[PDB]
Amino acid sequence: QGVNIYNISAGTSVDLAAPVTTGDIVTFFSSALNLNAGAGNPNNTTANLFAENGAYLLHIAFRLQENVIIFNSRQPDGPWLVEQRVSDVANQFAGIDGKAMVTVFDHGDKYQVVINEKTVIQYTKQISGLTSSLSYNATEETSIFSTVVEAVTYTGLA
């Protein structure tokens, strides 16, 4: 088992030293939570897990104006697949202020997404494979998270 820490600046991606596969965990830690940021474009913040070929295994997008969290997948060159949505962004982060956590458990057939202690969705995968990269995309002007998000992975668990 191993722990790897990644400091992801908004709008950048990072290659994992240890891949995230079935049974592994990744948590994105934000040192802030601004639910008063302007409207997204259309997204305020997104956190992604990528396969080796660049496919979006899991795309999580936070939209304040549409008051929704979107979950989807996409082939590197393909179009967004079947979009999953969950309403009320504020409610998902309820309980903890000034910071937040977004954890993704890779259960093989699904990705379990948890905001702080709340499981927001049991996402049935649309694309499978190990996660080799991660990204945090947003602007300094409208992101709901801190300018740098710390991603921590716990691997070798299985």
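Start at 1 with the first residue shown and count on from there.
Stretches compared: 95-103, 33-41. Higher mean C-alpha B-factor in the entry: 33-41.
In the deposited coordinates, the residue among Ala55, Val113, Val26, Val68 with the greatest CA B-factor is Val68.
When the modelled residues of the chain are ordered by their C-alpha B factor, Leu64 lands in the highest third. In the PDB entry, a CA B factor belonging to the highest third of its chain's modelled residues is recorded for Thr139. Among all modelled residues in its chain, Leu49 ranks in the lowest third by Cα B-factor. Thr119: CA B factor lies in the middle third for its chain, per the PDB record.
Sort the modelled residues of the chain by CA B factor and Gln1 lands in the highest third.
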